[PDB]
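*Asks:* Output the structure for:
(chains A and B)
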Number of protein chains: 2
Amino acid sequence: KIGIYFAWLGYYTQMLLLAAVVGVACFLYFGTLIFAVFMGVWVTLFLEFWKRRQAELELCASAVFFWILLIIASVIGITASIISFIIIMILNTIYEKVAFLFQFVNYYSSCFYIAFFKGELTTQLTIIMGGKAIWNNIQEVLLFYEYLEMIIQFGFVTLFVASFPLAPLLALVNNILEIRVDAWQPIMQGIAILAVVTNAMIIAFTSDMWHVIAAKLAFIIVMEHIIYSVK
Amino acid sequence: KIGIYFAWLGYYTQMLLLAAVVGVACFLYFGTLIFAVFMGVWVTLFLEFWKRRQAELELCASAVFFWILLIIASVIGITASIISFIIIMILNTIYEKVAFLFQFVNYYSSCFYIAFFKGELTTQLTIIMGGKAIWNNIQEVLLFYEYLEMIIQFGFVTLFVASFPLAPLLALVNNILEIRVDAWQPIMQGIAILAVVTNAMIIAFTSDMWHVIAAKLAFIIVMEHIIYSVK
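*Replies:* Residues are numbered from 1 along each chain as shown, chains lettered A, B, ... in the order given. Sharing the structure here:
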């Protein structure tokens, strides 16, 4: 119950740290796209090795979706990431009182809204990840939700891998201090398939890594096909 | 063993007949593309309902792949479908003596070779399906391999759905006579995901249903995304 979930946070923290070492190596280093296709292979290898350690270790709803759309509309509204983190914090508390997919919607909606909005993410992804890290550290000093925070970080690392490549280490290091606070797959694989599409769209739409729309679509097709071939 | 496989040929024959009735209705009827997107939904619904009835019911290798490439090269070499069926019959016997994926390679390679070669299929798919049906009927008069033949027919119906839409009924009817001869999923789901890509490429490259390469790629992307949304 609590303990296997605790070591499950540990195993996801360890695999996120080891994939973070591989990601930090590619971050020291077309190199961003090398990191991106590497991150596609890394999401595939992460799902594989996490499966291996997993084996070894053991009408109001339509109103809700409309309020979620309005949440994205409010979400469209460096200091800007601080104000966005402030309102996202308050909206996260209100949404948690309202009831997860909502919290991922509130956090990731601004970033996906930017990536659609040109149709920033380096700074907003870094400040949202770092600010959730520093706010979690302030909570660790001052005091499932933890795996929610780390899964939001995995969405940060996996979905926005094309932005800043050193972002993987910055997750797990913070996460290990969460073990200190204790001391005092399906949504993830969905985020991974969406991360294959999202990192392909991050290279294709966001990155700048009548041909170009067609080649962006073709790279989405070929990278999805090759990264589906590997997995 | 033999019996549950026999009723499994029966259940695939029945579901192929019911999806064949739906396909015959769309065949009586942009209508080909309506049939194609319907066939994408039908492949998804076929996998779903087949899963439901499934629940209710119960270095020489590199030389081989090189010989398979040479088999495709020989494969590139209305009467033409008859000669192709003749050589494919002899090559099928030689390949079966040589050892399935090989037989699907030999049969489907000419059709996929055409669809790449412009980069026919109505007539070649109809004559290959009908000729395998008539040759199977001659075998039924004169006398796993059966599920191999029907899976080749499912590749015919599902992979080449954009060509001729009445092709679904023409499978199962012939298959039911195979029960008379008795009386006297993973490869399939792979063929289905390849059929989503293949029917999208059949509409996009083959059909004719600098924008057009981009919109063909976009229809492959959107139809793969929507047909993956449904499934």
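*Asks:* The residue of chain A found nearest chain B: neighbouring residues, count only.
*Replies:* Here the residue of chain A nearest chain B is residue A:214; by CB to the nearest CB that distance is 3.6 Å. Heads up, the C-betas are built off the backbone N, CA and C, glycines and all. Burial of residue A:214 is recorded as 18 neighbouring residues (other CB atoms under 10 Å in any protein chain shown).
*Asks:* Find the residue closest to it in space, skipping its chain neighbours.
*Replies:* Excluding the flanking residues, the one nearest residue A:214 by CB to CB, 6 or more residues apart in numbering or on different chains is residue B:214, at 3.6 Å.
*Asks:* which residues sit against the helix or strand hosting the one you found?
*Replies:* In the assignment (DSSP states H and E), residue B:214 maps to helix B:211-230. For helix B:211-230, contacts defined as CB atoms under 8 Å, 6 or more residues apart in numbering or on different chains pick out A:210, A:213-214, A:217-218, A:220-221, B:37, B:40-41, B:43-44, B:196-197, B:199-201, B:203-205.
*Asks:* buried stuff in it?
*Replies:* Using 16 or more other CB atoms under 10 Å in any protein chain shown as the burial criterion, the residues of helix B:211-230 that qualify are B:213, B:214, B:215, B:216, B:217, B:218, B:219, B:220, B:221, B:223, B:224, B:227.
*Asks:* Does residue A:47 touch residue A:191 like I think?
*Replies:* No: shown here, residue A:47 and residue A:191 do not form a contact pair, counting by CB atoms under 8 Å, at 10.3 Å.
*Asks:* dump the residue contacts of residue A:175.
*Replies:* Listed by CB under 8 Å, 6+ apart, the contact set of residue A:175 reads A:9, A:13, A:16, A:150, A:153.
*Asks:* Restricting to C-alpha, output the helix or strand hosting residue A:140 in PDB.
*Replies:* Assigned by DSSP H and E, residue A:140 belongs to helix A:121-142. Output for helix A:121-142, consisting of C-alpha atoms alone and laid out as PDB, is shown next (Å, rounded to 0.1, in the frame of the first residue of the first chain):
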ATOM      1  CA  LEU A 121       8.600  26.800 -23.300                       C
ATOM      2  CA  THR A 122      12.300  26.500 -22.300                       C
ATOM      3  CA  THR A 123      11.800  29.300 -19.700                       C
ATOM      4  CA  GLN A 124       8.200  28.400 -18.700                       C
ATOM      5  CA  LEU A 125       9.000  24.700 -18.500                       C
ATOM      6  CA  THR A 126      12.200  25.400 -16.500                       C
ATOM      7  CA  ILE A 127      10.500  27.900 -14.200                       C
ATOM      8  CA  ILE A 128       7.400  25.700 -13.800                       C
ATOM      9  CA  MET A 129       9.600  22.600 -13.100                       C
ATOM     10  CA  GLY A 130      12.000  24.600 -10.900                       C
ATOM     11  CA  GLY A 131       9.200  26.500  -9.100                       C
ATOM     12  CA  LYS A 132       7.300  23.300  -8.400                       C
ATOM     13  CA  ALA A 133      10.700  22.000  -7.100                       C
ATOM     14  CA  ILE A 134      11.300  25.000  -4.900                       C
ATOM     15  CA  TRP A 135       7.700  25.100  -3.700                       C
ATOM     16  CA  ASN A 136       7.900  21.300  -2.900                       C
ATOM     17  CA  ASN A 137      11.200  22.000  -1.000                       C
ATOM     18  CA  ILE A 138       9.400  24.800   1.000                       C
ATOM     19  CA  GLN A 139       6.700  22.200   1.700                       C
ATOM     20  CA  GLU A 140       9.400  19.700   2.700                       C
ATOM     21  CA  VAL A 141      10.800  22.300   5.200                       C
ATOM     22  CA  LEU A 142       7.300  23.300   6.400                       C
END
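*Asks:* Name the residues of that helix that are buried.
*Replies:* Of the residues in helix A:121-142, A:121, A:124-133, A:136, A:140 count as buried by neighbour count, 16+ other CB under 10 Å.
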